There are 4 protein chains.
Amino acid sequence: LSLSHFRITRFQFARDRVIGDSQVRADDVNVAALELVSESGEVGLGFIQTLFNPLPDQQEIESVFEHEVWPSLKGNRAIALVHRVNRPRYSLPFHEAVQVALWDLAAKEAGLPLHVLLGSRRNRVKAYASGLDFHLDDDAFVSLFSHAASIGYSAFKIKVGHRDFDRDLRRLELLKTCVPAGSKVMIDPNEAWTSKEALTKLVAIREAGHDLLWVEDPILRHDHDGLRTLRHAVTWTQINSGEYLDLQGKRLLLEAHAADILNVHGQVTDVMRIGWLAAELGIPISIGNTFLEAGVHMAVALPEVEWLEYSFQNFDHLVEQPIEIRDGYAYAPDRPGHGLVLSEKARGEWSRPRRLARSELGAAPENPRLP
Amino acid sequence: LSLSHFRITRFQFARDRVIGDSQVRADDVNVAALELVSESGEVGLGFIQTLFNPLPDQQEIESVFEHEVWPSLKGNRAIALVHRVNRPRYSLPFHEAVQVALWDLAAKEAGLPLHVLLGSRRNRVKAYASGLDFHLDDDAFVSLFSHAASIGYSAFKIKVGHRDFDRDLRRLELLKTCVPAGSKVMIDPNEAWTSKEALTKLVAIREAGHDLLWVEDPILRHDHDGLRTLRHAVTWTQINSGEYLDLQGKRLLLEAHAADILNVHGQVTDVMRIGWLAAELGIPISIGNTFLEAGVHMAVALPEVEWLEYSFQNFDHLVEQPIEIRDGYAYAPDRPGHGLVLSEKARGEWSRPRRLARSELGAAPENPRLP
Amino acid sequence: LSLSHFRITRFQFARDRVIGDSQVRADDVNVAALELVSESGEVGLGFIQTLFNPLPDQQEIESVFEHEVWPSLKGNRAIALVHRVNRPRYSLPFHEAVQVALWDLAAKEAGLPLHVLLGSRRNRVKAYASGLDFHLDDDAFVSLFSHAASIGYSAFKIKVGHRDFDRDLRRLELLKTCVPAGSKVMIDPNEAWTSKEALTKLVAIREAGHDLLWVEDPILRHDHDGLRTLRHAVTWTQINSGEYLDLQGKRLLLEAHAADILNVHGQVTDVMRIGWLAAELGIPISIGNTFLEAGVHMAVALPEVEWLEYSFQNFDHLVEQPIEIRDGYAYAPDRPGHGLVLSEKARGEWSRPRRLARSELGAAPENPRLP
Amino acid sequence: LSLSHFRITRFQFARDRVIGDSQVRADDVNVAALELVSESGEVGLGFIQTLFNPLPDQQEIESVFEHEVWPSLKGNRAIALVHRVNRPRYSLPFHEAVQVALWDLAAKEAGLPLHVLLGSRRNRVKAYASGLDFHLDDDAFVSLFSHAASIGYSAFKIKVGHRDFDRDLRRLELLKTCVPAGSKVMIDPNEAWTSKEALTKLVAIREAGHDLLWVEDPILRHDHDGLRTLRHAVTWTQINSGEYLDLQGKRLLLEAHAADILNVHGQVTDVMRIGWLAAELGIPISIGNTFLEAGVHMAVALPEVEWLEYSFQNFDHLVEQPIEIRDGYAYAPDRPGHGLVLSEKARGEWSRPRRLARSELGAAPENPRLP
């Protein structure tokens, strides 16, 4: 049942809309599937995504993985490797993909859905609709958020942090015109604000009649004194923090008492470890965007998690069956592994081994998750 | 592959020697074997041990385990249960036994030795000879320690904390006459000292020419300021701390910066969680007594563990084959699970379903581990 | 006048209503009377209550008490034992019962009511009505709380912490419809909330027009940073804390500045010690449920205590004369001891030496304290 | 059994030697016996002592005690009064005398020796010989200390803090010539040093080959930072602290982590409260001078007390029988109360109802406790 081969499939495609935030803009997707094959024939899958730069050539990815990570994986059992404790003491972002593929494989080989292996007692979590909408025209924004309300979301996150605060207030007013009354709202400035500026903006927003569930990453993530000041003064909403931090960083953030809520992503093993610590500390956790909603399994398995981020990205064509989200709940499936299996049709039509210029990308894959 | 039945066998027998420390005295053993059976026929074994008071009857242990623990286990997969993160928020000491039986079962069902499943890259740890010797007479003290040195032990731990400090010193003098020069020495006052008394005695022990590898639990476990003062000023040896503490308590001990080394026992899931944490923090860990050296599996899997306690107890008769210790190294076996299996012979001879008075226990099981 | 014998009488009976909170549900009572007899013939009484599991057999209780606690009591005077200072350095919960029985005996033998021996200058304390009502149907809830108002309570505590915050708001609205205007109100989430969630819920409750005297145990009791944050931000009500903590824990809670009010129960000796410390620190104390309102004596004797919890439990049949509560005041009686003497009729009709299944309990004792 | 009358007898007499320390000088004694009488005929005795200034006339002491203390005592039971917790929020030093008389009475009325009532499990404590010797000439210094060593003392305390540090050293040299090798030595600078001066002198004392058991009040009592610096750096002896502090002040001293040992005197109720606290914290306690060794009862009842001061004062004539000290052990007697009863002979000979000038005091009561 030990690991024998690995497989890298490179993708590089146009998005159906511009995504981004106060700091960043993207109209393409750069992602490679990492498949880890054991000698029982079972395959684990995870995703190597780059956010600002495209991936190098399929071949460059394969050579770096072979040299840097493959020696520590070959001939070992997935379920052993995921338990390893290493002392603190990569050329490409492999850390997340490896953990997702290793646990997918470990679950399949134990003959279980990932969440059950993760100790879950439930199979679902609330999902909130997240627009990544900072660059969206006013028309595209209502269109996305009224689609989300159509199909049963009751919680909505928008991007703020405009140089002109009136643009943030306008986006919140626009949002109120397209969702049912008493929907839950989050804002994400993505570090656009300094601490007292965050706080006076939160006051103004409250005074304008907008009730927030949480504000996410409002300021420089290293500004612990400022985050504490927010935590202490903002008695009407939650300060959600931890973007851009690694495991060590999340842990340090916790020691500094700098978050009402800790946000995390899909590093399966890091997430279950930080999720143990947070449960002990009495800190809740939110799961942000994970590629193809793999993080559904940690979301349903940790007890301090009530929310999972969904962003309507045009990704589903890459897999046989995507994660079910129905009436604002995400469902961890009853299939083995994390339930995501790469689409063979997709690996044929969409594979791009060779790094392209952006103008060379062609039409976006269609996005049935949007109108 | 799910859990379907449990089995309790109570034991109660005399020791071959008086064991104890500055606080406590014992010449008998109260332990029950817990077997957790899965639908697959595989069994996980753990040990329910009481140290201060004897166990109730077999049927009492059973009924309590059935009423209060079994509902959360029944119908479930061992490998699923062990990953569960529960929120913080027993009538008998089932907590370590359940974790040991559950990981014994999970490893079996995965076809692995426990330590391999726990992520290990090696199969042995240094073992030190621990006498639990406070109430032992001088002749028996030298006998146990000469024996240990003759079979290849090179590190030795003695109990101290006598009202008359010359007793502590005579004992270290006594230890020196029976072990090779250059041997590692640890002392264990088991909280008999206050902080400055502890420090002055450590100074006197040094000046008398005894080099200590560590001093373990020198003072009241909750005296964090005293432990810090000891950490900062005792520059010639290590302050080993953490006894009597549960997982939340050990985490607080680390948060108080109150241990040079953290001692732990055999709660597999807890030890691997605090072991991940200690590793992030750079705190070494030692493993104390676990029933039949089950903890050898965590000891070899944790990078920051260098030592395991061995105490020459008369327990080996209870299982088919004990953990091997050869030349002061304890070996994690290449057998499925933790490698311990209950002896059906001993299950018949030594079962004691009814709680007995000390005087009814008859002869001590022979201890081939001592002369 | 020294202690000669002890007597254990086991009870196991159905309640008249379901009790509980956001964490726990109970429809039965598991309790044993502990009687400590001196050679003057005077008897001290206290209660061994288990909350989640039933008691073992009368005989199991007697054997454990004889082995574990009885050696430290036999041949000693109650008034000496209650003064003992032990250094930190049981199979059943005996700690509280022993302290209550020892002080009852010491008071009788000094020829005094317990509170006078405790140094009281008054004989009464305000009592608040506490529903333990989390599981109660809407009809049973108004019925209990309008009965409490009928007979002169002016302060009322309800259980909150529903997953759906609207259920907590509804319970507060229901409560307002059945008590006089300007009654005092407390809420008890029993750790259901995380810190910023507690605070936004407290804000919402205030904004809805509900004025609270205190919120009790709103979050994980170990979350000192969160409790401080509540203490600092919640300027309109008090944060009452200390449930699930022992003496050491209450003391540590105080050092952390983590309570506006410390809640305690009936460990007589621990309570007078923590009550000295709290008086020095300027922290007030509330007395929670004590079995049969024994804690009335510490409540009236400590100067920093203004409130005692009463929960309308069906317990009175067990004693000759229960503690008087008249027009929202609890009265410490002018009888010797704590004034509670076991009913001989009750010891005959209601004794249950042998642990029963829940279906075997028969009708609840009648509850004259409710309609 | 309630209090009905009080009695004051003033004494004023010369000392048989000059006593004192680096701050203060005395050759007389001002003390009044306070007797508290109950309706039962039993009497409690305590001593009103002034150290810096003489007492006013008998009738003045009486009138003040009557006006300002007696209203809170009259009509009450001693055993009730001693348990009172008062809220923090005298014209003469009545506080220790009242507590000593009250516990003397409570123990009598309960038919117990004080120490038994205070929870003791043993009846003796080590006593050390304390010279109060700063102003004593060399010949008298050796005389007092040889005498002490000849009757079985093995620990010795001397005053230091001379402007000329060679005086301190000569005195330790002098002490060494008259006591057996291996004797315990303590020094008492009584605040004459600053922190770093204290530390450098302790280094020099060590290097000169004098091993100290403790240094008591080396520096200004409010210099917490200096006391901490001394705690952390003086690894070869103990910093004994707490003189001149009241109960709130001693609690703050412990909260500042500013004492290796806490010295206390004879305020029974306060000493048992800080003794419970010190025990929770792991801080040892020593008992200093109490009038006629009354504090022997607390010294034997507290687990963390190992030493009591004895200072060879000419006081024994005032009571029928003094506390026994035999071979450096002070014994708590098996008599009711604290065991001290005022001598009716001395009450006649030595009564001095009118405050006298030093020159009118006549001959010193003979001191059989010195040669």
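Chain naming here is simple, since letters A, B, ... match the order of the sequence lines and numbering starts at 1 in each.
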Okay, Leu277(C) and chain D: the region with an atom under 4.5 Å from a heavy atom over there is side chain

Minimal heavy-atom distance between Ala279(D) and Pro88(C), with the atoms involved, is O-CD, 3.3 Å

inquiry  = If we count only N and O atoms by modelled type, under 3.5 Å, do the side chains of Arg121(D) and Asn76(C) hold a donor and an acceptor together?
reply    = no

Quiz prompt | Side-chain donor or acceptor of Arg87(C) paired with backbone N/O of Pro303(D) under 3.5 Å | solution = yes

If one checks every heavy atom of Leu112(C) against chain D at 4.5 Å, the contacting part turns out to be side chain

Note: vs chain D, highest number of non-hydrogen pairs under 4.5 angstrom among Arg77(C), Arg251(C), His83(C) is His83(C)

Distance col, row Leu302(C):CG vs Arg84(D):CZ, nearest 0.5 angstrom, shows 12.0 Å

*asked:* Would you say that more than 12 heavy atoms from the other residues, nucleotides or ligands in this model lie under 6.0 Å from the CG of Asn86(D), or not?
replied: yes

Turns out that what part of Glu109(C) lies under 4.5 Å from chain D's heavy atoms comes down to neither

For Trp276(D) and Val85(C) the tightest heavy-atom approach is CA-CG1, 4.0 Å

Atom NE2 of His67(C) with >12 non-hydrogen neighbours under 6.0 angstrom: no

When the 4.5 angstrom heavy-atom criterion is applied to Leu281(C) and chain D, the contacting part is side chain

